[PDB]
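Below is one structure, written out as structure tokens, with a few remarks after it.
A quick note on method: Cβ atoms are made from the backbone with ideal geometry, for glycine too, and the neighbour counts reach across all protein chains shown. Values in this text are rule-based calculations from the coordinates and carry no lab data.
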Amino acid sequence: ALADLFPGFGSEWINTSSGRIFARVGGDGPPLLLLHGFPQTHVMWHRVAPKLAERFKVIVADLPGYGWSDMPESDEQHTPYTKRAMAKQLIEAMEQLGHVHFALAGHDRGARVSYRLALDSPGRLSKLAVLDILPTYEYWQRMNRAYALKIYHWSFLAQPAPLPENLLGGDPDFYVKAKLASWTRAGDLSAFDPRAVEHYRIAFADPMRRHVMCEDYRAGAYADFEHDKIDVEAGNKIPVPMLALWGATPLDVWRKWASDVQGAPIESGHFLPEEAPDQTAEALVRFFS
Amino acid sequence: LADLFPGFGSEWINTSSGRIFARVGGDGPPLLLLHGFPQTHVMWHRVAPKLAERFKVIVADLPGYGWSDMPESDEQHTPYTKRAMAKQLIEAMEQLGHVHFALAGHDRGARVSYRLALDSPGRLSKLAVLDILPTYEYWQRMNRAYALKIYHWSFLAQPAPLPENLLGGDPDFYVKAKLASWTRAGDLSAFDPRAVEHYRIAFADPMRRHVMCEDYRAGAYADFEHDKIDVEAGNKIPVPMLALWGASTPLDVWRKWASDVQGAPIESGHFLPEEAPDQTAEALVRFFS
């Protein structure tokens with residue numbers, strides 16, 4: 001049976017116009033929403049959430065279509081899995097709890113939801129943290145031979161359905177575990193709690209969840225990119241106080257996108273809250289308090 | 001599996017790297033035809049007869065493709081580099097007593113062919129390349145748009161066993177979708193069903209798929225480096241050359257790479273000899289005559 005990795009946290013299934021959002025909820029104090037990325041679920045925050053819960057009301061949510069959140073039906077523009085749409089849905093969910101102004105930290109896809117939210121609806125956020133990302137526009141602008149080989153999955157998972165879905169079907173466990181291992185410092189699964197890996201594996205084993213992940217990357221290649229392109233070619237900057245953390249220039253990039261940003265490296269591969277939970281929790285606690 | 005070359009013999013040709021399979025027909029000046037991915041020598045079955053009216057036509061499976069032997073690869077993918085493939089096919093042609101011949105290639109085979117022309121121009125009387133630009137150029141062009149359009153250049157080049165593992169779940173689906181996707185029609189209707197079965201049978205073998213991935217790995221690394229040396233040195237192919245391409249700039253590009261080249265678009269997707277056999281055969285006959 002899948003483990004409870006958030007001792008003493010409650011659970012909520014929050015209704016929205018686009019479907020329910022699952023979350024674990026703990027602590028007390030100013031509200032802080034935590035958003036995971038790919039190929040993970042809310043449980044990736046399990047090593048830093050208890051520390052944060054000592055000072056904040058912590059809401060640990062599954063992204064639209066991920067984990068135990070509902071999977072809204074997609075369309076030809078991948079609309080519900082665009083970061084603009086995901087941000088709107090999570091804004092609705094937070095209003096159900098009575099939170100109209102809150103702190104936000106995101107990792108990977110969740111971080112993309114977070115900066116898009118800040119660009120579209122800055123009034124919703126007191127402060128923003130993004131973990132191991134640059135804006136989607138910047139990833140695509142950097143596209144050349146070396147990058148194309150290094151993060152091939154941005155273009156692979158974005159191929160029209162059912163191409164990646166059919167490739168992922170034969171042996172999903174192998175793909176999701178190889179990706180998890182690939183982006184860590186050690187290149188294996190040693191950084192992860194095995195109980196957390198099982199959450200990720202069970203999610204990836206559902207073809208409907210895998211289809212959502214592909215719709216997310218299709219949005220990442222198309223509408224998300226176009227939304228970002230508008231902002232950069234207008235010189236729009238996030239006005240929300242912001243923190244950028246990254247694993248082993250990023251601050252120079254984010255300074256183009258944000259007018260009040262600070263940043264620091266964290267000695268980690270990609271999965272900062274699992275690979276470097278102590279440094280990551282300290283950074284987030286310091287910034288948000 | 002059907003015989004699609006009436007009158008042509010079937011030969012296994014020995015080389016220091018393993019046997020090359022070919023269908024051989026006609027009489028007159030020697031002409032070698034080289035297929036690409038994900039196909040075999042049979043892709044020439046519509047145009048080979050018209051060519052055999054005027055030439056001795058040798059329709060070869062690339063090293064590691066079709067019925068040709070599969071030499072053991074290595075960490076630099078050496079035997080599936082276009083330089084090595086060209087050396088192996090020069091050995092095969094010497095077994096037939098052909099040390100100066102005409103050459104037409106398509107896709108991967110066209111990449112073997114222009115590399116052969118750069119390394120060993122004395123081997124060729126005339127050169128035709130079908131629906132390609134040099135490997136260097138395609139990588140120089142690899143921005144967001146190209147990363148999405150030719151994603152398989154980066155996907156198939158990922159370190160083993162990532163693409164081998166994915167391709168094993170439903171190879172028939174993948175190969176048939178590639179064939180369809182790259183035609184003007186967007187379905188399999190331009191192909192002879194017997195030809196498609198040859199392609200499917202080949203692609204069903206894990207060892208053959210592994211060769212294909214080694215070919216794309218060479219394409220991302222050593223083939224690119226070999227081409228880069230020539231571009232920087234200003235080396236041009238001196239062999240009289242024809243560039244044909246599917247209409248669904250190329251002559252402008254090839255003129256940077258060759259000092260004597262003609263070219264034309266064909267009303268066709270990628271698979272010229274099957275989608276537009278009459279126009280392709282006429283262009284080739286007129287050129288090589």
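Which of the residues belonging to region A:187-224 are in a helix (DSSP H, G or I) and small (G, A, S)? Outline the logic, then answer.
Going through region A:187-224, the residues in a helix (DSSP H, G or I) turn out to be A:194-204, A:207-221, A:223-224.
Correct list: A:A196, A:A203, A:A219, A:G220, A:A221, A:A223.
Within region A:169-181, can you find the residues that are at the interface with chain B (Cβ under 9 Å from one of its Cβ atoms) and either under 21 Å from the mean Cα position of the chain (by Cα) or assigned to a loop (DSSP other than H, G, I, E, B) (or both)? Outline the logic, then answer.
Filtering region A:169-181 for residues at the interface with chain B (Cβ under 9 Å from one of its Cβ atoms) gives A:169-171, A:174-175, A:178.
Hits for region A:169-181 are A:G170, A:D171, A:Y175, A:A178.
Restricting attention to region B:117-165, which residues are surrounded by 18 or more Cβ atoms within 10 Å (Cβ to Cβ) and of a type in the set (G, A, S)?
Matches in region B:117-165: B:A117, B:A128, B:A147, B:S154, B:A157.
Looking at B:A157, B:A147, which one is facing another protein chain (nearest Cβ under 7 Å), part of a helix (DSSP H, G or I) and of a type in the set (G, A, S)?
Answer to the selection: B:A147.
If I ask for residues that are within 12 Å of chain A (Cβ to nearest Cβ), farther than 19 Å from B:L162 by Cβ and among the basic types (K, R), which ones from region B:199-228 would you list?
Selection gives B:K228 alone.
Kindly evaluate B:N165 against the criterion of being of a type in the set (S, T, N, Q), within 7 Å of chain A (Cβ to nearest Cβ), in contact with a helix residue (DSSP H, G or I) (Cβ under 6 Å, 6 or more places away or on another chain) and on the phi < 0 side of the Ramachandran plot.
Numbers: of a type in the set (S, T, N, Q): yes; within 7 Å of chain A (Cβ to nearest Cβ): yes; in contact with a helix residue (DSSP H, G or I) (Cβ under 6 Å, 6 or more places away or on another chain): yes; on the phi < 0 side of the Ramachandran plot: yes.
So B:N165 fits the description; yes.
To keep it simple, each residue is scored yes or no on (1) acidic (D, E); (2) over 27 Å from B:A157 (Cα atoms).
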position: B:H210; (1), (2): no, no
position: B:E214; (1), (2): yes, no
position: B:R217; (1), (2): no, no
position: B:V239; (1), (2): no, yes
position: B:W254; (1), (2): no, no
position: B:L284; (1), (2): no, yes
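Need a quick list: strands (runs of 3 or more DSSP E) entirely within region B:1-108 having at least 3 residues that are buried (at least 24 other Cβ atoms within 10 Å of the Cβ) and within 19 Å of the chain's Cα centre (by Cα). Lay out the reasoning, then the answer.
Numbers: elements: B:9-13, B:20-26, B:30-34, B:56-60, B:101-106.
Qualifying strands (runs of 3 or more DSSP E): B:20-26, B:30-34, B:56-60, B:101-106.
Give all pairs with beta carbons closer than 8 Å in which a residue from region A:105-122 that is under 18 Å from A:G269 (Cβ atoms) meets a residue that is buried (at least 23 other Cβ atoms within 10 Å of the Cβ) and basic (K, R); count only pairs at least 6 apart in sequence or on separate chains.
These pairs meet every condition: A:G106/A:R112; A:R109/A:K83.
I'd like to verify a number: residues in region A:91-144 that are aromatic (F, W, Y) and within 14 Å of chain B (Cβ to nearest Cβ), how many?
Final tally of qualifying residues: 3.
Filter region A:40-81 down to the residues that are small (G, A, S) and farther than 18 Å from A:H211 by Cα and list them by number.
A:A49, A:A53, A:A61
Residues being in a helix (DSSP H, G or I) and either of a type in the set (A, V, I, L, M) or within 12 Å of A:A244 (Cβ to Cβ) (or both): count how many of those fall in region A:109-137.
Residues meeting the conditions: 7.
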